[PDB]
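got the complex split up, this is the first portion:
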Amino acid sequence: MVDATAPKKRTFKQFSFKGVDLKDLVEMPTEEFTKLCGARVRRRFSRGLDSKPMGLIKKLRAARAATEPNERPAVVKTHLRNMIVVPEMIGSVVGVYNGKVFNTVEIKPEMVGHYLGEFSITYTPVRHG
Amino acid sequence: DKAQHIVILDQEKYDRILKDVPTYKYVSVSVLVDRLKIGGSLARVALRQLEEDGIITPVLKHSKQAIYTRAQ
Amino acid sequence: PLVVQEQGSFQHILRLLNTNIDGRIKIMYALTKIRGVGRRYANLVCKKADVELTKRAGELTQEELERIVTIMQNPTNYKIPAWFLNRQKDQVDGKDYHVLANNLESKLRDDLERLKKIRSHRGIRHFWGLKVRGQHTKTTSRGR
């Protein structure tokens, strides 16, 4: 086995997703971004983007443009919880239906590539006793 | 857990094998394992060579069963 | 192709990647004791290192032992396919990796908080210790 050492190094590290750091990630077009994520995401964008996902992105873009003192970009509500989070919509706040209520989530960078409804549980957890 | 059968053949066991196997009515994989304390894989290579060396006569040939007897 | 004998060369206990390996196990199945090394993976690193599988663990010399730990730590450098690896398309740097004994639980852990930090549904059920892959829990998994 010889030996082993683990001296971890840094350089003012910016958050990075699969070799692409946050700076370049956000202004990459979503066409380019999907080429470096999982198989399920890659298949979905090849199948054709219907109007519903693209319409939410347009509203989400406008909601950030409404405010330019750099605070939270006001909530956009939606039912479409099969939305795949893209770097374009990082930092936006969306209200995602869980069947009854608008769960409010703020799009953190580590949420990218996930399904929008995966962060809003649709059922209150069971509590016996 | 108590088996701890020997899998490496040293020199003390090697000549003990060639001194004990001929004095057997019937040798097989289990017979070699049972009394010589060697492993099953080591028994199989020992049988295939002891037959090639002429000490052991093959009564019956089979993958799952090797029936051998003394050649004297 | 015949029985051979040796004295003093066998090594009863091996230490690879800070894990103790029993020396009387066949080499392909001895390495499976190292967590992160399965039967399929151990078969290929031995074939890439030109270590014939017909050898017990203690039979190997030091020269061969170092040659194996080098390959496991650099699989892509030894014509090991990317799809054959443990951790491919890594989350942070996007390169294909194969995590090993002590590194596996660290990055397995780092994946758990990464799921829990974003508070995804899969990460939440992992926190509760419940099944995360959609399994029914009504009637199964009642032990403790």
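Yes, it's here. Numbers count the residues shown, from 1 in each chain, chains lettered A, B, ... in the order given.

For the rest of this, base every contact and every neighbour count on C-alpha atoms.
OK.

Contacts only, for residue 94.
Picked chain A for this. Contact partners of residue A:94, counting by C-alpha atoms under 8 Å, 6 or more residues apart in numbering or on different chains, are A:75-78, A:104-107.

right idea, wrong chain: chain C
Residue C:94 neighbours (C-alpha under 8 Å, 6+ apart): A:17-20, C:88.

all strands of chain B, in order?
Under the criterion DSSP state E, chain B contains strands at B:26-27, B:56-60, B:67-70.

ditto for chain A
Counting by DSSP E, the strands of chain A are A:16-17, A:20-21, A:75-78, A:93-97, A:102-106.

Can you lay out the ones you listed as JSON lines showing distance to residue B:44?
As requested, those are exported to JSON lines (distance: least, C-alpha to C-alpha, whole Å):
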{"stretch": "strand A:16-17", "distance to residue B:44": "55"}
{"stretch": "strand A:20-21", "distance to residue B:44": "57"}
{"stretch": "strand A:75-78", "distance to residue B:44": "71"}
{"stretch": "strand A:93-97", "distance to residue B:44": "67"}
{"stretch": "strand A:102-106", "distance to residue B:44": "67"}
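
winner for burial among the ones you listed?
Among the strands of chain A, strand A:93-97 has the highest mean neighbour count (mean count of other C-alpha atoms under 10 Å in any protein chain shown), at a mean of 22.

Run me through the strand neighbours of that strand, direction for each.
Paired strands of strand A:93-97, with direction, are strand A:75-78 (parallel), strand A:102-106 (antiparallel) (DSSP bridges).

Can you check which of those gets nearest to residue C:73?
strand A:102-106 (39.0 Å; C-alpha to C-alpha).

which residues are contacting the closest one?
With C-alpha under 8 Å, 6+ apart, strand A:102-106 has contacts from A:75, A:77, A:91-97, A:119-120.

ok, 7 Å please
With contact meaning C-alpha atoms under 7 Å, 6 or more residues apart in numbering or on different chains, strand A:102-106 is reached by A:91-97, A:120.

I'd guessed residue B:28 sits against residue B:68; true?
Yes. Between residue B:28 and residue B:68 there is a contact at 6.2 Å, judged by C-alpha atoms under 7 Å.

ok, now chain D:
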Amino acid sequence: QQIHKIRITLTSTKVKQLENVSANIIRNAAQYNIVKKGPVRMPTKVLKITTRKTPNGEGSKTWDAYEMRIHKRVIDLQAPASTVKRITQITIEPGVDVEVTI
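Below is chain D, added to the chains above:
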């Protein structure tokens, strides 16, 4: 377009009318000196459907096993096309359907 090698395919659910039409055509192909090949008994097909007896879902699990036997016969004739078609109208039967292929 004269004498041709002509196939007549016979399918029906019931064999009595099928064999009557088959024999009647063979009979008419005998007194008329027309060389013939057949009839050829194709392996009969058993169309089976197995449903549950209960309209509801209560009781012992009992099943029906319905059947629909389909018998198919093909006969080869060596005659001009005008002769074979008029033979079909001679031996027309409601149960048996006829298709003619050259």
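
Once more for the contacts of residue C:94, now including chain D?
Contacts of residue C:94 (C-alpha under 7 Å, 6+ apart): A:18-19.

For chain C, which segments count as strands?
With DSSP E as the criterion, chain C has strands spanning C:13-16, C:19-22.

which other helices and strands contact the first one?
Judged by 3 or more C-alpha pairs under 7 Å, 6 or more residues apart in numbering or on different chains; DSSP states H and E, the packing partners of strand C:13-16 are strand C:19-22.

strands paired with the strand it packs on, and their directions?
strand C:13-16 (antiparallel).

Counting neighbours, which bits of the strand it pairs with end up buried?
Across strand C:13-16, burial judged by 16 or more other C-alpha atoms under 10 Å in any protein chain shown covers C:14, C:16.

what's in contact with that strand?
A:1, C:20-23.

try it again with 8 Å
The contact list for strand C:13-16 (C-alpha under 8 Å, 6+ apart) reads A:1, C:20-23, C:34, C:57-58, C:69.

Show me which residues of chain D are close to chain A?
By C-alpha under 8 Å from any C-alpha of the partner chain, no part of chain D sits against chain A.

Give me the neighbour count for residue D:65.
10 (other C-alpha atoms under 10 Å in any protein chain shown).

what's the answer for residue D:69, then?
Using other C-alpha under 10 Å: residue D:69 sits among 14 other residues.

Report the separation between it and chain B.
Remark: distance between residue D:69 and chain B (C-alpha to the nearest C-alpha, to the nearest Å) = 52 Å.

Give the full set of residues in contact with residue 2.
In the absence of a named chain, chain A is used. residue C:66.

Chain C is the one I meant
Applying C-alpha under 8 Å, 6+ apart, we find residue C:2 in contact with B:45-46, B:49.

list the contacts for the residue of chain B found nearest chain A?
Nearest residue of chain B to chain A: residue B:8, at 23.8 Å (C-alpha to the nearest C-alpha). Contact partners of residue B:8, counting by C-alpha under 8 Å, 6+ apart, are B:42, C:5-6.

is it true that residue B:27 touches residue B:65?
No. If you go by C-alpha atoms under 8 Å, residue B:27 and residue B:65 don't touch, sitting 11.0 Å apart.

These two: which is more packed in?
Per other C-alpha under 10 Å, whichever of residue B:27 and residue B:65 has more neighbours is residue B:27, with 20 against 11.

next up, chain E:
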Amino acid sequence: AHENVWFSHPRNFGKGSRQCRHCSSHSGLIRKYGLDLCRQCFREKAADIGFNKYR
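Let me add chain E to what's already shown:
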């Protein structure tokens, strides 16, 4: 507007994509041999169609 929403969800390749000839039901449909009949509707029409019980 409304016509683009009313009855807009696809109703193909599904259980609701087909129905019984007789009762227009969605459950217990029989598609073998292109029957497209409910299993209950089939029993009351089997003799007419030509299905008989022999064995």
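
Once more for the contacts of strand C:13-16, now including chain E?
With C-alpha under 8 Å, 6+ apart as the criterion, strand C:13-16 contacts A:1, C:20-23, C:34, C:57-58, C:69.

With stretch D:49-69 instead?
Contacts for stretch D:49-69 (C-alpha under 8 Å, 6+ apart): D:13, D:44-48, E:32, E:39-40, E:50-55.

Of the residues you listed - the most surrounded one?
residue E:39 (22 neighbours).

how near is that residue to residue A:117?
39 Å (C-alpha to C-alpha, to the nearest Å).

so how many other residues sit close to the closest residue to residue A:73 other than its chain neighbours?
Computed as C-alpha to C-alpha, 6 or more residues apart in numbering or on different chains, the closest residue to residue A:73 that is not its neighbour in sequence is residue A:64, at 4.6 Å. Residues near residue A:64, counting by other C-alpha under 10 Å, number 19.

Name the residues of the longest strand along chain D that are buried.
Across chain D, the longest stretch assigned as strand under DSSP E is strand D:66-80. For strand D:66-80, a neighbour-count test (16+ other C-alpha under 10 Å) marks D:66-79 as buried.

picking that back up, what is the nearest of the contacts of strand C:13-16 to chain E?
Once C-alpha to the nearest C-alpha is applied, the member of the contacts of strand C:13-16 that ends up nearest chain E is residue C:34, at 49.3 Å.

Measure how far stretch C:91-106 is from the centre of its chain, please.
11 Å (C-alpha atoms, centre = their mean, to the nearest Å).

In contact with the residue in chain B that chain E sits nearest to, which residues?
In chain B, no residue comes nearer to chain E than residue B:64, which is 48.3 Å away by C-alpha to the nearest C-alpha. Neighbour list for residue B:64: empty [criterion: C-alpha under 8 Å, 6+ apart].

same question, residue C:95
Counted by C-alpha under 8 Å, 6+ apart, residue C:95 has contacts A:18-19, C:88-89.

how far is stretch E:29-42 from where the chain is centred?
The answer for stretch E:29-42 is 6 Å, by C-alpha atoms, centre = their mean.

Start and end of that stretch, how far apart?
Taking C-alpha to C-alpha as the criterion, the two ends of stretch E:29-42 lie 9 Å apart.

got the buried residues for that stretch?
E:29-30, E:36-42.

Could you do stretch D:10-19 as well?
D:10-13, D:15, D:17-18.
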